[PDB]
$ cat data15.cif   # mmCIF, C-alpha atoms and all ligand atoms
data_coords
loop_
_atom_site.label_atom_id
_atom_site.label_comp_id
_atom_site.auth_asym_id
_atom_site.auth_seq_id
_atom_site.Cartn_x
_atom_site.Cartn_y
_atom_site.Cartn_z
CA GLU L 207 121.79 94.25 101.17
CA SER L 208 118.51 96.13 101.29
CA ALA L 209 120.08 98.81 99.06
CA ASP L 210 120.20 96.21 96.27
CA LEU L 211 116.53 95.39 96.85
CA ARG L 212 115.62 99.07 96.50
CA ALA L 213 117.49 99.37 93.20
CA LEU L 214 115.58 96.32 91.99
CA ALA L 215 112.23 97.87 93.03
CA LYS L 216 113.14 101.06 91.17
CA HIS L 217 114.22 99.23 88.00
CA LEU L 218 110.95 97.32 87.85
CA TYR L 219 108.78 100.40 88.54
CA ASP L 220 110.64 102.23 85.76
CA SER L 221 109.97 99.34 83.34
CA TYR L 222 106.34 99.05 84.35
CA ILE L 223 105.82 102.75 83.62
CA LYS L 224 107.51 102.25 80.26
CA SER L 225 105.50 99.10 79.41
CA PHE L 226 101.93 99.91 80.54
CA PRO L 227 100.49 103.20 79.18
CA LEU L 228 97.42 103.27 81.47
CA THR L 229 98.66 103.10 85.06
CA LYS L 230 96.69 102.73 88.28
CA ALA L 231 97.59 106.33 89.16
CA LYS L 232 96.12 107.57 85.86
CA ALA L 233 93.06 105.32 86.27
CA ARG L 234 92.40 106.68 89.78
CA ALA L 235 92.76 110.27 88.58
CA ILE L 236 90.18 109.54 85.86
CA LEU L 237 87.77 107.69 88.16
CA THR L 238 87.94 110.15 91.08
CA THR L 242 88.40 116.83 85.80
CA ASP L 243 91.13 117.28 83.18
CA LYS L 244 89.66 114.48 80.99
CA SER L 245 86.38 112.79 82.08
CA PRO L 246 85.22 109.48 80.52
CA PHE L 247 82.14 108.93 78.40
CA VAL L 248 79.93 106.50 80.31
CA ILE L 249 78.41 103.39 78.69
CA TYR L 250 75.61 102.46 81.11
CA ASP L 251 72.94 101.14 78.81
CA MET L 252 72.23 99.69 75.44
CA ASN L 253 71.44 103.23 74.24
CA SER L 254 74.53 105.16 75.36
CA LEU L 255 76.72 102.43 73.88
CA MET L 256 75.66 103.76 70.46
CA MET L 257 76.52 107.28 71.17
CA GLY L 258 79.60 105.77 72.71
CA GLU L 259 81.04 105.74 69.25
CA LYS L 275 76.90 91.47 64.98
CA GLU L 276 74.97 91.84 68.27
CA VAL L 277 76.11 93.91 71.25
CA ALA L 278 77.24 91.10 73.56
CA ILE L 279 79.53 89.71 70.97
CA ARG L 280 80.81 93.14 70.15
CA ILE L 281 81.74 93.91 73.67
CA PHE L 282 83.35 90.54 74.07
CA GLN L 283 85.57 91.00 71.08
CA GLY L 284 86.54 94.45 72.33
CA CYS L 285 87.64 92.81 75.52
CA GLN L 286 89.47 90.19 73.49
CA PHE L 287 91.28 92.86 71.59
CA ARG L 288 92.32 94.66 74.70
CA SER L 289 93.49 91.42 76.22
CA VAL L 290 95.83 90.87 73.33
CA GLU L 291 97.30 94.30 73.70
CA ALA L 292 97.73 93.58 77.36
CA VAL L 293 99.55 90.44 76.47
CA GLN L 294 101.88 92.44 74.26
CA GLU L 295 102.48 94.91 77.08
CA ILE L 296 103.04 92.19 79.66
CA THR L 297 105.47 90.44 77.39
CA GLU L 298 107.51 93.61 77.10
CA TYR L 299 107.61 94.07 80.85
CA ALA L 300 108.68 90.49 81.40
CA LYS L 301 111.82 90.98 79.37
CA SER L 302 112.85 93.74 81.75
CA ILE L 303 112.79 91.33 84.70
CA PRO L 304 116.42 90.59 85.35
CA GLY L 305 117.15 87.06 84.50
CA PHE L 306 114.02 86.45 82.55
CA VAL L 307 115.55 86.60 79.12
CA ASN L 308 118.45 84.39 80.16
CA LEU L 309 116.14 81.52 80.83
CA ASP L 310 115.51 78.72 78.48
CA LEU L 311 113.34 79.81 75.71
CA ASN L 312 110.72 77.20 76.22
CA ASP L 313 110.42 78.13 79.84
CA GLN L 314 110.03 81.84 78.97
CA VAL L 315 107.13 80.88 76.83
CA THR L 316 105.81 78.71 79.61
CA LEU L 317 105.97 81.44 82.20
CA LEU L 318 104.16 83.87 80.00
CA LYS L 319 101.58 81.39 78.98
CA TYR L 320 100.43 80.69 82.45
CA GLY L 321 100.99 84.03 84.01
CA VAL L 322 99.46 86.35 81.54
CA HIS L 323 95.85 86.00 82.49
CA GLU L 324 96.64 86.34 86.15
CA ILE L 325 98.38 89.61 85.49
CA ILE L 326 95.61 90.92 83.35
CA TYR L 327 93.03 90.43 86.06
CA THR L 328 95.37 91.97 88.57
CA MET L 329 95.92 94.95 86.43
CA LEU L 330 92.23 95.15 85.44
CA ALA L 331 91.34 95.91 89.02
CA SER L 332 93.26 99.21 88.72
CA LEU L 333 90.74 100.31 86.14
CA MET L 334 87.83 99.22 88.19
CA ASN L 335 85.64 100.43 90.94
CA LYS L 336 82.54 98.85 92.43
CA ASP L 337 80.29 100.47 89.75
CA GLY L 338 82.29 99.77 86.62
CA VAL L 339 85.42 99.68 84.52
CA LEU L 340 87.39 102.06 82.39
CA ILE L 341 87.80 101.23 78.76
CA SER L 342 89.46 102.39 75.61
CA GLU L 343 92.50 103.83 77.31
CA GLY L 344 90.47 105.60 79.94
CA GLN L 345 88.23 107.36 77.47
CA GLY L 346 85.15 105.41 78.44
CA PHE L 347 83.60 103.83 81.50
CA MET L 348 81.40 100.84 81.09
CA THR L 349 79.17 100.30 84.05
CA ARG L 350 78.74 97.14 86.07
CA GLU L 351 74.96 96.83 85.55
CA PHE L 352 75.19 97.04 81.83
CA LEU L 353 77.79 94.32 81.60
CA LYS L 354 75.79 92.08 83.87
CA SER L 355 72.68 92.30 81.77
CA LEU L 356 74.21 90.89 78.71
CA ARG L 357 72.82 88.00 76.72
CA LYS L 358 73.33 84.68 78.40
CA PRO L 359 76.77 83.36 78.46
CA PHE L 360 78.26 86.85 78.31
CA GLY L 361 76.36 88.61 81.07
CA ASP L 362 78.62 86.93 83.63
CA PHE L 363 82.11 87.21 82.20
CA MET L 364 82.83 90.34 84.19
CA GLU L 365 81.17 89.81 87.60
CA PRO L 366 83.88 87.65 89.28
CA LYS L 367 86.41 90.16 87.98
CA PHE L 368 84.48 92.87 89.80
CA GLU L 369 84.31 90.83 93.00
CA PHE L 370 88.06 90.27 93.01
CA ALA L 371 88.78 93.88 92.11
CA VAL L 372 86.70 95.21 95.02
CA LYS L 373 88.71 93.26 97.58
CA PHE L 374 92.07 93.50 95.78
CA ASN L 375 91.58 97.28 95.51
CA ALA L 376 91.10 97.31 99.30
CA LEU L 377 94.84 96.62 99.77
CA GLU L 378 95.51 100.12 98.32
CA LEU L 379 98.55 99.06 96.30
CA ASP L 380 100.06 101.68 94.04
CA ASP L 381 101.86 101.15 90.76
CA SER L 382 105.28 100.73 92.40
CA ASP L 383 103.94 97.86 94.52
CA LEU L 384 102.20 96.24 91.56
CA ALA L 385 105.32 96.26 89.39
CA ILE L 386 107.09 93.94 91.84
CA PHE L 387 104.02 91.78 92.45
CA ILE L 388 103.44 91.26 88.73
CA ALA L 389 107.09 90.18 88.42
CA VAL L 390 106.60 87.68 91.27
CA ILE L 391 103.63 86.22 89.38
CA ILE L 392 105.52 85.73 86.09
CA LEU L 393 108.45 83.95 87.75
CA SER L 394 106.48 81.27 89.60
CA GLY L 395 108.21 77.94 88.96
CA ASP L 396 105.07 75.84 89.54
CA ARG L 397 103.69 76.25 86.03
CA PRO L 398 103.10 73.05 84.01
CA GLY L 399 105.98 71.85 81.89
CA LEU L 400 108.93 73.95 83.08
CA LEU L 401 112.34 72.61 82.16
CA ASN L 402 114.68 74.24 84.70
CA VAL L 403 112.63 75.11 87.79
CA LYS L 404 115.57 76.16 89.96
CA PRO L 405 116.76 79.34 88.13
CA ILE L 406 113.13 80.57 88.02
CA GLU L 407 112.77 80.07 91.79
CA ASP L 408 116.10 81.84 92.38
CA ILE L 409 114.71 84.90 90.60
CA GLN L 410 111.31 84.73 92.33
CA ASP L 411 113.12 84.51 95.67
CA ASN L 412 114.90 87.81 94.92
CA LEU L 413 111.63 89.40 93.71
CA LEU L 414 109.83 88.24 96.88
CA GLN L 415 112.56 89.85 98.95
CA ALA L 416 112.17 93.13 97.08
CA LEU L 417 108.37 93.14 97.34
CA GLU L 418 108.53 92.52 101.09
CA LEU L 419 110.90 95.43 101.58
CA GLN L 420 108.78 97.58 99.24
CA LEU L 421 105.55 96.98 101.16
CA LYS L 422 107.19 97.60 104.55
CA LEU L 423 108.63 100.93 103.39
CA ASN L 424 105.69 102.07 101.27
CA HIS L 425 102.94 100.90 103.68
CA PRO L 426 104.55 100.80 107.15
CA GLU L 427 101.19 101.00 108.99
CA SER L 428 99.75 98.10 106.96
CA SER L 429 100.43 94.97 108.98
CA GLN L 430 101.04 91.74 107.06
CA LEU L 431 100.23 93.40 103.74
CA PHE L 432 102.92 91.19 102.17
CA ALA L 433 101.18 88.07 103.46
CA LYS L 434 97.75 89.42 102.49
CA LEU L 435 98.95 90.18 98.95
CA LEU L 436 100.36 86.65 98.47
CA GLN L 437 97.04 85.14 99.62
CA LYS L 438 95.37 87.04 96.76
CA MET L 439 97.04 84.63 94.27
CA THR L 440 94.34 82.09 95.15
CA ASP L 441 91.63 84.49 93.96
CA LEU L 442 93.38 85.08 90.63
CA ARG L 443 93.67 81.33 89.99
CA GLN L 444 89.93 80.74 90.25
CA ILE L 445 89.04 83.69 88.02
CA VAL L 446 91.32 82.34 85.30
CA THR L 447 89.73 78.88 85.75
CA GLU L 448 86.20 80.30 85.57
CA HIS L 449 87.00 82.44 82.53
CA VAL L 450 88.40 79.45 80.63
CA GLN L 451 85.18 77.52 81.20
CA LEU L 452 83.12 80.38 79.79
CA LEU L 453 85.46 80.40 76.79
CA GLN L 454 84.63 76.73 76.20
CA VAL L 455 80.89 77.49 76.51
CA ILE L 456 81.20 80.40 74.05
CA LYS L 457 83.16 78.30 71.55
CA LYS L 458 80.31 75.81 71.15
CA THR L 459 77.23 78.05 71.22
CA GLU L 460 78.86 80.78 69.07
CA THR L 461 80.50 78.74 66.30
CA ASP L 462 80.33 81.86 64.10
CA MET L 463 82.59 83.85 66.44
CA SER L 464 86.37 83.93 66.17
CA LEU L 465 88.80 83.87 69.08
CA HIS L 466 92.22 85.51 68.59
CA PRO L 467 95.00 82.92 68.12
CA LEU L 468 97.52 84.65 70.40
CA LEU L 469 94.87 84.20 73.11
CA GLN L 470 93.83 80.84 71.72
CA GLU L 471 97.42 79.56 71.89
CA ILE L 472 97.79 80.84 75.40
CA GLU L 473 94.99 78.85 76.81
CA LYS L 474 95.99 75.24 76.21
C1 LIG M 501 88.83 98.07 69.09
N1 LIG M 501 87.48 97.56 69.29
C2 LIG M 501 86.80 97.75 70.60
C3 LIG M 501 86.91 99.20 71.07
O1 LIG M 501 87.71 99.22 72.22
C4 LIG M 501 87.17 98.52 73.31
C5 LIG M 501 87.64 97.23 73.64
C6 LIG M 501 87.10 96.54 74.72
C7 LIG M 501 86.09 97.13 75.49
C8 LIG M 501 85.47 96.34 76.73
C9 LIG M 501 86.44 96.25 77.93
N2 LIG M 501 87.80 96.13 77.44
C10 LIG M 501 88.71 97.32 77.50
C11 LIG M 501 88.79 98.18 76.41
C12 LIG M 501 89.63 99.27 76.45
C13 LIG M 501 90.40 99.52 77.59
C14 LIG M 501 90.33 98.65 78.68
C15 LIG M 501 89.49 97.56 78.64
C16 LIG M 501 89.40 96.61 79.84
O2 LIG M 501 88.05 96.32 80.11
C17 LIG M 501 90.17 95.31 79.53
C18 LIG M 501 91.54 95.29 79.62
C19 LIG M 501 92.23 94.12 79.35
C20 LIG M 501 91.55 92.97 78.98
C21 LIG M 501 90.18 92.99 78.89
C22 LIG M 501 89.48 94.15 79.16
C23 LIG M 501 86.09 95.02 78.77
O3 LIG M 501 86.29 93.85 78.30
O4 LIG M 501 85.59 95.17 79.95
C24 LIG M 501 85.62 98.42 75.17
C25 LIG M 501 86.16 99.11 74.08
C26 LIG M 501 86.80 96.89 68.22
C27 LIG M 501 86.24 95.65 68.47
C28 LIG M 501 85.58 94.99 67.43
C29 LIG M 501 85.52 95.63 66.18
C30 LIG M 501 86.10 96.88 66.02
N3 LIG M 501 86.73 97.48 67.03
#
$ encode --input "data15.cif" --output "C-alpha cells"
Amino acid sequence: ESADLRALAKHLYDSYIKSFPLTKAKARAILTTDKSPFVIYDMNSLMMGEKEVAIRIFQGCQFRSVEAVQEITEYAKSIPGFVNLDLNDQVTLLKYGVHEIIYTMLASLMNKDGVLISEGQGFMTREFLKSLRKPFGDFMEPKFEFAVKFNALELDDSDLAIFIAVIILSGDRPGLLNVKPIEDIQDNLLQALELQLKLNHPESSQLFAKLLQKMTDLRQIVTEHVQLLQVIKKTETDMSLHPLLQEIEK
C-alpha cells in the first residue's frame, strides 16, 4: 500500500529534522537576510573570522565530521529495523556509509563559490580552500564538483532523508553477517523514495534513477579522500587524526 510508504517517508523526514540541526532548507535560506554569514575568503579574513592555517582548517573539518558522525548515528537508529539487526552489522553499515552521507549532506551547505561552516555562521570560499598548502589545497575540490551536479537534482530535505536511509542499509558493505534482512529494509526504503520523488517532483523524469546513479560519484570521493588521509598521515606525523574517524576508515 502506498499509504504505508507515505507514513514511512514522514517518519524518516521527522527523524532527519530531529537529528540534523542544519538542514538544506536552512542552508539555502542562509546562502540565498535574517542572519548573514561572515565570509572567509582569504588568509586575512580568516583571522577576523574569529599550528599553520591549512592544518587548522583541516582539523576543523575533522571536528565537524565527527559531529556529523554522531548525528548520522542518531538518525540511523530511527530507521525501522536498523536497531534490530545484528550488532556487528549495525557497526558495519555505519562504518561504510558514514562518509557517503557526509558528502551527500555537505552538498546542501555548498554552492559553486563555497561552503557554509560553523553551523551556518560562516562561509568559506572555494578559492581560499583551493589555495591551501600542498596536500590540503585539494581536499575540498572534488566535493565541490560533486555538490554542483548533485545540487542540480534540486532535492529537498524530505527527499534526502529517504535517500540517506537507502545509503545506510546497503547490504554490499564488506563483512556483513546477515545480508538478507538489510536488503529487505533497503527494498522498502527504495519503494518509499520512488514514491516520494514521483509525488514531490512529478515533472522530473527519472529523478529516482538519476539519484541512484549519484552513488557512483560518492564512492569515488570517499576513495579519493582516504588516499589524501594516507598522504597526510606520513608527511604530517605531528598531526593527530580523531580515533572515531580513524576507526571508521579501516
Ligand atoms: C571547533 N574548531 C573549528 C571551528 O569550527 C569549524 C570547523 C570546520 C571548519 C571547516 C569546514 N567544516 C565545517 C565547519 C562547521 C560547519 C560545517 C562544516 C563543513 O565544511 C563540514 C561538515 C562536515 C564535515 C566536514 C566539513 C570544512 O571542512 O569545509 C570551519 C570551522 C576548532 C578546531 C581546532 C581547534 C579549535 N577549534
$ closest_residue --input "data15.cif" --among "L:371, L:452, L:215, L:333" --to "residue 421 of chain L" --atoms "all atoms listed in the file"
L:215
$ axis_aligned_box --input "data15.cif" --around "segment 365-383 of chain L" --padding-each-side "8 Å" --output "JSON"
{"center_x": 93.2, "center_y": 94.7, "center_z": 93.7, "size_x": 40.1, "size_y": 30.0, "size_z": 28.2}
$ closest_residue --input "data15.cif" --among "L:242, L:328, L:312, L:429" --to "residue 446 of chain L" --atoms "only C-alpha atoms"
L:328
$ atom_distance --input "data15.cif" --atom1 "atom CA of residue 248 of chain L" --atom2 "atom CA of residue 372 of chain L"
19.7 Å
$ atom_distance --input "data15.cif" --atom1 "atom CA of residue 316 of chain L" --atom2 "atom CA of residue 288 of chain L"
21.5 Å
$ closest_residue --input "data15.cif" --among "L:444, L:470, L:344, L:303" --to "residue 214 of chain L" --atoms "all atoms listed in the file"
L:303
$ closest_residue --input "data15.cif" --among "L:415, L:342, L:436, L:393" --to "residue 374 of chain L" --atoms "only C-alpha atoms"
L:436
$ atom_distance --input "data15.cif" --atom1 "atom CA of residue 311 of chain L" --atom2 "atom CA of residue 290 of chain L"
20.8 Å
$ closest_residue --input "data15.cif" --among "L:295, L:441, L:396, L:473" --to "residue 369 of chain L" --atoms "only C-alpha atoms"
L:441
$ residues_near_ligand --input "data15.cif" --ligand "ligand LIG 501 (chain M)" --cutoff "10 Å" --atoms "all atoms listed in the file" --output "mmCIF file with C-alpha atoms, in the coordinates of the input"
data_model
loop_
_atom_site.group_PDB
_atom_site.id
_atom_site.type_symbol
_atom_site.label_atom_id
_atom_site.label_comp_id
_atom_site.auth_asym_id
_atom_site.auth_seq_id
_atom_site.Cartn_x
_atom_site.Cartn_y
_atom_site.Cartn_z
ATOM 1 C CA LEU L 228 97.420 103.270 81.470
ATOM 2 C CA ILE L 249 78.410 103.390 78.690
ATOM 3 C CA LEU L 255 76.720 102.430 73.880
ATOM 4 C CA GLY L 258 79.600 105.770 72.710
ATOM 5 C CA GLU L 259 81.040 105.740 69.250
ATOM 6 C CA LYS L 275 76.900 91.470 64.980
ATOM 7 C CA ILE L 279 79.530 89.710 70.970
ATOM 8 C CA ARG L 280 80.810 93.140 70.150
ATOM 9 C CA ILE L 281 81.740 93.910 73.670
ATOM 10 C CA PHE L 282 83.350 90.540 74.070
ATOM 11 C CA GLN L 283 85.570 91.000 71.080
ATOM 12 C CA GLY L 284 86.540 94.450 72.330
ATOM 13 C CA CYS L 285 87.640 92.810 75.520
ATOM 14 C CA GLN L 286 89.470 90.190 73.490
ATOM 15 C CA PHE L 287 91.280 92.860 71.590
ATOM 16 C CA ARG L 288 92.320 94.660 74.700
ATOM 17 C CA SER L 289 93.490 91.420 76.220
ATOM 18 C CA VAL L 290 95.830 90.870 73.330
ATOM 19 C CA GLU L 291 97.300 94.300 73.700
ATOM 20 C CA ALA L 292 97.730 93.580 77.360
ATOM 21 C CA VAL L 293 99.550 90.440 76.470
ATOM 22 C CA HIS L 323 95.850 86.000 82.490
ATOM 23 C CA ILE L 325 98.380 89.610 85.490
ATOM 24 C CA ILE L 326 95.610 90.920 83.350
ATOM 25 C CA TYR L 327 93.030 90.430 86.060
ATOM 26 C CA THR L 328 95.370 91.970 88.570
ATOM 27 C CA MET L 329 95.920 94.950 86.430
ATOM 28 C CA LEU L 330 92.230 95.150 85.440
ATOM 29 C CA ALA L 331 91.340 95.910 89.020
ATOM 30 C CA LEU L 333 90.740 100.310 86.140
ATOM 31 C CA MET L 334 87.830 99.220 88.190
ATOM 32 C CA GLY L 338 82.290 99.770 86.620
ATOM 33 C CA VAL L 339 85.420 99.680 84.520
ATOM 34 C CA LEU L 340 87.390 102.060 82.390
ATOM 35 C CA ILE L 341 87.800 101.230 78.760
ATOM 36 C CA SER L 342 89.460 102.390 75.610
ATOM 37 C CA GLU L 343 92.500 103.830 77.310
ATOM 38 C CA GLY L 344 90.470 105.600 79.940
ATOM 39 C CA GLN L 345 88.230 107.360 77.470
ATOM 40 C CA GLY L 346 85.150 105.410 78.440
ATOM 41 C CA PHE L 347 83.600 103.830 81.500
ATOM 42 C CA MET L 348 81.400 100.840 81.090
ATOM 43 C CA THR L 349 79.170 100.300 84.050
ATOM 44 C CA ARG L 350 78.740 97.140 86.070
ATOM 45 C CA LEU L 353 77.790 94.320 81.600
ATOM 46 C CA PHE L 363 82.110 87.210 82.200
ATOM 47 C CA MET L 364 82.830 90.340 84.190
ATOM 48 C CA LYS L 367 86.410 90.160 87.980
#
$ residues_around --input "data15.cif" --residues "residue 472 of chain L" --least-positions-apart "2" --cutoff "8 Å" --atoms "only C-alpha atoms" --output "ChimeraX atom specification"
/L:319-320,468-470,474
$ closest_residue --input "data15.cif" --among "L:301, L:422, L:397, L:357" --to "residue 383 of chain L" --atoms "all atoms listed in the file"
L:422
$ residues_around --input "data15.cif" --residues "residue 387 of chain L" --least-positions-apart "2" --cutoff "9 Å" --atoms "all atoms listed in the file" --output "PyMOL selection string"
chain L and resi 383-385+389-392+413-414+417+435-436
